[PDB]
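Notes follow once the structure below has been shown.
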Amino acid sequence: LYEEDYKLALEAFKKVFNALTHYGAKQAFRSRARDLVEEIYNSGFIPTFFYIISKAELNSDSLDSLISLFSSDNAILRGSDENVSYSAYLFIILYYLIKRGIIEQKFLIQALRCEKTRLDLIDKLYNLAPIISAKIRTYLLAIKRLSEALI
Amino acid sequence: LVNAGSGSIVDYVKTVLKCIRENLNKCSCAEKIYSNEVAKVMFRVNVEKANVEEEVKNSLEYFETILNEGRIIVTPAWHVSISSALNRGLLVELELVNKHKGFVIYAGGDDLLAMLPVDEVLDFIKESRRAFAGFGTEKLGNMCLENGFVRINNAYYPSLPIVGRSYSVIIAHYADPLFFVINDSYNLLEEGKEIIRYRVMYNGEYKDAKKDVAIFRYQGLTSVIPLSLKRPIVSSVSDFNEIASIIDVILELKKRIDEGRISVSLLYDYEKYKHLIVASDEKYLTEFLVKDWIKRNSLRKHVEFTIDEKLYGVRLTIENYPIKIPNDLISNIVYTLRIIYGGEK
Amino acid sequence: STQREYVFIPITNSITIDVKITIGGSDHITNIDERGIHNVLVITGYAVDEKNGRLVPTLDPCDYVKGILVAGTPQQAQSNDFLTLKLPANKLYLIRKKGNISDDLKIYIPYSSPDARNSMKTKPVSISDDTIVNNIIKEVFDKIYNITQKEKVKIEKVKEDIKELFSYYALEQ
Amino acid sequence: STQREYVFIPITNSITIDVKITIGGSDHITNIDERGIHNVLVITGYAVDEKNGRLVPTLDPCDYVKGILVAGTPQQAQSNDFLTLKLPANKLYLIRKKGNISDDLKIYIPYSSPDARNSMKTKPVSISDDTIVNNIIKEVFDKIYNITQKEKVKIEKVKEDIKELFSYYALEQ
Amino acid sequence: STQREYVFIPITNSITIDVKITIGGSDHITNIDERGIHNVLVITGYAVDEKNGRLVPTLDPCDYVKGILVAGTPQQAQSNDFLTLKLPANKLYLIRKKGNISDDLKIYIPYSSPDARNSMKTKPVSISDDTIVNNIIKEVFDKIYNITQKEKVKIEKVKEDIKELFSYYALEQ
Ligand SMILES: [Mn+2]
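Residue numbers (UniProt numbering), protein chains in the order written: chain A, 2 to 152; chain B, 693 to 1037; chain C, 2 to 174; chain D, 2 to 174; chain E, 2 to 174.
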């Protein structure tokens, strides 16, 4: 079933290997992979999604060179504190969520474009936490493997 | 045709072909080439009569005959030259089988039917395939084989390097009925060798190939190992090491699991790596991935296997037969290892 | 270098008004060495206009006309209706080539316009009516090369190869 | 009707100013059918002069230069330096043949003065260094058939066709 | 009886400090004479032990070595572990006999010790790894003959001959 996921682990990626340059917050991505995956499948998708958004603000260059990876290629997400380099995993989750129709690019795009709607996006995710955690399982474990292989 | 005959005629011959090439009409073009002969026929005086007006026409008539029939026209010289190299290869594989403690039931030229222990079957297949092409390392009696020829004490006889040879190994219990064992071996060979296709590169372009496979079976486990990876299997001397270059990869991997450096879990672990290794189009990523699949199952400090990265993307297929076969060479390798090791049960 | 001349073997008597003096250099490419004519030359992609005999430039790979490289100069005022050229004898279509290779030839060959109004339907030609073979042996095989009918009366060894070898493409229109 | 003309294709410059009427009639003989350049013209005997680009012929049939045939009237003022030939296309040396034509045509080929005061030594100079096919694909591959850059994203295909197909003999003088 | 020195070519980068003056006679047995290398020396019953690359005397006729016979002296300090012998130049087994005949020749074979404790399972290994060819022509095929890479740039005629004619035996033990 999830055989297309192993290609999505690339066409979403587009780069998180030197767009995440300088080997600091780059080699921190293996931590993201392993720990976040383990915690999503022990704690939950919501307790982890909160923890992830807390490390990446709204309406800033984070959002700029996060949505820039929706219609562009060169997005050097550089910055030492994992806040532009923490939106890596956030974008990883969001690209899957949109390209698998779990949530629609209409609602998401229009939602992360004004403060009123981030609450509603987060509530929508809360309503789809089990579905998302079940589907994104293999797509994420693939990146936990891709890290310990390449990253 | 251009490449046969160094002499002074090769240029003449390729000019004849330039004539034939693009259907230049009957002798409506030979005026381009008869020159290249009539300038040369008059280098000698003892030539009695003049007969160069037609022989240049018969030459391109013959070359067009070949190129338009699509096959080299056979002559008795062709047949004796073939079926003598066939018996020479017979004499070579005879001493090859005896080297690996085998027992030759029958081995005539192309065919072979021998019983070997499951331990020296990969080694034997590698050696016998490379020798059938006429390329080896040791002397096999008095047939001292050398890179496409067979040197018998300074006499160079040719071999069959361009010919493909298939294999069909059956790992059978000593008590299995030989009737069904022989029938299944013959059937696997004659059937699988004509129904399975693997990704081969032809003039720098991936196509599909049919023959040169090694079909292992063990009571329900099957695996296919290509032995060509180039559809004209040999066109230079660089090709003679590509021959069965996967069987020595499987050998290297077998001599890591004996030494206890790699665990047999390596054979029960590749699946959770293939689903990612096949959807990939980046070489230097697949290399890391296989290194991690080997890293996770090694037992010593740091093993080194380094699959040759020309096996990645090799896609085996089938025309819907009851033979089940993984569609990638890297998984057929582990299935071949599972078969071999089941042979030591 | 030795300056030469080129004239062909047509089935018409358009050879006579082509040259002033038969000789004028030191030697020839074309020879007769008691085994018949040596060093015949053919040129590809052309043909004779048997009336006012010259060369027509075609582009058929089959087209070819056989002519003789004699030592001369065609009336000392041409190079406007005969072609002027220089070939280093490394690029000659020299049949029965037995004589020396001068390695630098300056040649005068007939060459004019094709008059591209009709289709140059050019066909082969054979030198039949052997009376004309004799007459042409009287034409050039004697006036250009004097050495005939003096050193050998045996023309019958050289009378048949003129019919055999000398064959070209004729416009016939 | 279809008065064709020839264009030679060496690696050299000064090929786009060869003519003024480029498209000419409705079509040409050559065509690119998204598989290969069909009906490619090669002449047996003509060779290009390195200065004042045109084809000067050499008697050796082994001398040859390739090109394609286009349909047009060169510059409205040439055909005084271009040999006009009238052939039925049965004598045409076309390579990479695809189909057939109306069986009656007329060609204007670039022919150059021979320059007899120098010998004719020709070497085969072929096409490579794809920067040299760039100014052929942009200049004289578009100008002949403006169909390019419209549906055929396969200019790489025709680039390789040129890479394997085209050569000539140069005088290098 | 001009003194020459036999040098061979294994895959190793080992033939560098062996002949200080790559000459010492008035000619060279070997010759690259427009067809490639010619007059190569072949010896039967030996094999090159690439580690400290030198020949080794065994008894097997399956084993042979090939190397270019050149002129020079054995490091002006050898004949302790090297070899020093003479030859009548007639009993020889030459590849492409095209060069001179000395009729009396003293040569020096780079030679190694038996070390009769390891069983010499010898394998045939001809030249591979084209880079070793291309830096061998730099290391040896330019220090023996200045004509190489000065008069001729056409080095391909020895390039393929390196792979075709130089085949030795590797002990790999
Ligand atoms: Mn059969």
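From the three backbone atoms N, C-alpha and C, an ideal C-beta is built for every residue, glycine too.
- The beta carbon of residue 1034(B) sits closer than 6 angstroms to those of 910, all from its chain and outside the five residues before and after it, given in chain order.
- For residue 882(B), the distance from the CB to the nearest heavy atom of ligand 1 is below 8 angstroms.
- When beta bridges are read from the DSSP output, residue 86(E) appears opposite 108(E).
- Within the same chain, and ignoring the five residues on either side of residue 94(E) in sequence, the residues whose Cβ sits closer than 6 angstroms to its Cβ are 43.
- Secondary structure at residue 75(D): coil, using DSSP grouped into helix, strand and coil.
- Annotation for residue 838(B): the continuous beta strand (DSSP E) segment containing it runs 836 to 838.
- Put simply, the CB of residue 125(C) is far from chain B, with every gap to its CB atoms at 9 angstroms or more.
- Taking 4 residues as the minimum length, the segment 14 to 38 of chain E contains no alpha helix (DSSP H) run wholly inside it.
- Per DSSP, the continuous alpha helix (DSSP H) segment holding residue 97(A) begins and ends at 88 to 100.
- Residues are counted here when their Cβ sits less than 7 angstroms from a Cβ of chain D; for the segment 74 to 90 of chain C these are 84, 85, 86, 87, 88 and 89, given in chain order.
- Nearest neighbour of residue 150(D) by Cα position, chosen from 19(D), 28(D), 8(D) and 33(D), turns out to be 33(D).
- Proximity of chain B to residue 172(C) at the Cβ level (cut-off 8 angstroms) is not reached, the minimal Cβ distance being about 17 angstroms.
- At a cut-off of 9 angstroms, the C-beta of residue 721(B) has a neighbouring C-beta in chain C.
- Under the Cβ criterion of 9 angstroms, residue 95(C) is counted among the residues facing chain B.
- Using a Cβ distance threshold of 9 angstroms, residue 110(E) and residue 7(E) count as a contacting pair.
- For the set 144(C), 158(C) and 153(C), the Cα lying nearest the Cα of residue 18(C) is the one of 144(C).
- When CB distances to chain D are screened at a threshold of 7 angstroms, the residues of the segment 30 to 60 of chain C falling below it are 44, 45, 46, 58, 59 and 60, in chain order.
- In terms of CA proximity to residue 99(E), 37(E) leads the group 167(E), 4(E) and 37(E).
- By the C-beta density criterion, residue 115(A) is exposed, having fewer than 16 other C-beta atoms within 10 angstroms.
- Using a Cβ-Cβ cut-off of 9 angstroms, residue 151(A) counts as an interface residue toward chain B, since at least one Cβ of chain B sits closer than that to its own.
- In this structure residue 95(A) does not touch residue 10(A) by the C-beta definition: roughly 14 angstroms separates them, more than the 8 angstroms allowed.
- Our two residues, residue 119(A) and residue 28(A), have alpha carbons roughly 30 angstroms apart in a direct line.
- DSSP assignment within the segment 935 to 966 of chain B yields the following whole alpha helix (DSSP H) runs of 4 residues or more, N-terminal first: 939 to 949.
- Residue range 859 to 862 is occupied by the beta strand (DSSP E) that includes residue 860(B).
- The C-alpha of residue 160(D) is placed about 41 angstroms away from the C-alpha of residue 67(A).
- The criterion of a C-beta distance shorter than 9 angstroms is satisfied by residue 172(C) and residue 122(C).
- A distance below 9 angstroms separates the beta carbons of residue 7(A) and residue 968(B).
- Scanning 23(D), 5(D) and 10(D) for the CA closest to the CA of residue 147(D) turns up 23(D).
- Where residue 1009(B) is concerned, the enclosing beta strand (DSSP E) starts and stops at 1008 to 1010.
- For residue 64(D), the C-beta contacts it makes with chain C under 8 angstroms involve 92, in order along the chain.
- Interface with chain B (9 angstroms Cβ-Cβ cutoff): residue 99(D) is excluded.
- Residue 50(E): not part of any alpha helix (DSSP H); member of the beta strand (DSSP E) spanning 47 to 50, first to last residue.
- DSSP lists 49(C) as the beta-bridge partner residues of residue 56(C).
- Within the segment 799 to 852 of chain B, the complete alpha helix (DSSP H) segments of 4 residues or longer fall at 813 to 824, listed in chain order.
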